[PDB]
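Heavy atoms only: backbone and side chains are in, while hydrogens, waters and symmetry mates are out. Naming convention: chains lettered A, B, ... in sequence-line order (proteins, then strands); numbering from 1 in each chain.
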Amino acid sequence: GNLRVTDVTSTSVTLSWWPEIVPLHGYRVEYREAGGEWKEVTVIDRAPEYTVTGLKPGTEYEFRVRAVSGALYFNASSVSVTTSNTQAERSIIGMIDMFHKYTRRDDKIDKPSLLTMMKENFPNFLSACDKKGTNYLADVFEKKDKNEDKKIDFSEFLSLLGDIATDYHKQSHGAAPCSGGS
Amino acid sequence: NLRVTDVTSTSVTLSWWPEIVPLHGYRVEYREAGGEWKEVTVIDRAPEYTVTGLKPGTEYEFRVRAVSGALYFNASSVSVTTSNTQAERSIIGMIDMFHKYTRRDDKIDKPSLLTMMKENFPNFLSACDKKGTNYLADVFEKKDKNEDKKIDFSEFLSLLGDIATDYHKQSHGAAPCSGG
């Protein structure tokens, strides 16, 4: 969520995430000079700030980020430093990036990570489900893991969004949250 | 999340957002403190609307709902005297963006549907022109699975499934507007 520079020195750039109140369980930070060669560095557990160093004073530096699931973030990213996307489009790109904040190398999410994402991304909806006396996290994985691989690929994750999206449209028409006797 | 670009002692000019284009049939609602929910339908994409004949120096509330009877924001409101996660919000705005184009039946017609895409997914469509693949050519007839000449919400999502699946592939390197 908005990849931003928070301090710049003559050979050290600092970057922030501000993701799900927490980053992605791993994030590559690629960087090159203006017409440079991409240098990578893999940060780990939920570190929301990373500072690059060793750079050249008064030099143009490009940056971009990837996921454990070998894939880029922020659309295609690319910021620059010297030492027209519509709301709906951006709303799309973020959701992919949300997937890619929990997926491991395979680009799929395990039950541990899924229940995390839920809690950090859809908290008021989960709370809602409690208030009525529904435990969504019980049978979410088994429901949306139709293929029973014990892994949520994008496809399976979309079907989830689809179920939440539904609720919100229901809620829009005025349906008390977490409706689904099913 | 409705802007208030002016207030006088007896008037309130409300305003929409950023894109020179609002809904196409909004219904506005407002009341005193403890007040009575007065309404005023507004057919037309009238981007600003000035409510009039108000009590001076009074705490009013204002809200919106849609031609698709009932909705807008998170059923939020604004107040004047004369929250959610990015994910939870990113949904709500997509519901709003839905209802922004539906008719009083909560369903999107084909010309309505083009406008939605041209207004909310221009750069996506531009990419398909780079290649030269008219994305709008078949989309409705395609997505309108029930052949009711009407896109409904479950069909809208599907479409979004098709938009977001590509943006997925892109993130993993694939050309924009790949296919299948």
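- The CZ atom of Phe73(B) lies 13.0 Å from the OG atom of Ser172(A); values are rounded to the nearest 0.5 Å.
- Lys132(A) NZ: more than 12 foreign heavy atoms inside a 6.0 Å radius.
- Around the CG atom of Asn123(B), the shell of radius 6.0 Å holds more than 12 heavy atoms that belong to other residues, nucleotides or ligands.
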Fill in: From CA spacing to verdict: side-chain contact (heavy atoms from CB on, under 4.5 Å), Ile91(B), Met95(A)
CA-CA 10 Å; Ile91(B) 297 297; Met95(A) 284 298 174; 4.1 Å; yes

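- The nearest pair of heavy atoms linking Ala88(A) to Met97(B) is CB-SD, 3.6 Å.
- When heavy atoms are compared at a cutoff of 4.5 Å, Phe121(B) approaches chain A by way of both its backbone and its side chain.
- Rounding to the nearest 0.5 Å gives a distance of 11.5 Å between NZ of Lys169(B) and CD1 of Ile96(A).
- Considering OG of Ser91(A) and CD1 of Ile163(B), their distance stands at 11.5 Å, rounded to 0.5 Å.
- The distance from the CZ atom of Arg90(A) to the OH atom of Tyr167(B) is 11.5 Å, given to the nearest 0.5 Å.
- Between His168(B) and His100(A), the ring-plane angle classifies as tilted under the 30° and 60° cut-offs.
- Heavy atoms of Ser154(B) lying under 4.5 Å from chain A are absent altogether.
- Atom-to-atom distance recorded for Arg66(A):CZ and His172(B):NE2 is 9.0 Å, nearest 0.5 angstrom.
- Of the possible donor and acceptor atoms, none in the side chain of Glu89(A) sits under 3.5 Å from a partner among the backbone N and O of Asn120(B).
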Discussion item. If you apply the rule side-chain contact (heavy atoms from CB on, under 4.5 Å), what do you find for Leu158(A) with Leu160(B), and how did you get there?
Written reply: CA-CA 9 Å; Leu158(A) 272 194; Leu160(B) 300 181; over 6 Å; no

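- In the displayed structure, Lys150(A) atom NZ is contacted under 6.0 Å by at most 12 heavy atoms of other residues, nucleotides or ligands.
- Remark: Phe141(A) pairs with no residue by the ring pair (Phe, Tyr, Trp, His ring centres under 6.0 Å) rule, at least two apart or across chains.
- Among the candidates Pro122(B), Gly173(B), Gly161(B), the residue making the largest number of heavy-atom pairs closer than 4.5 Å to chain A is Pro122(B).
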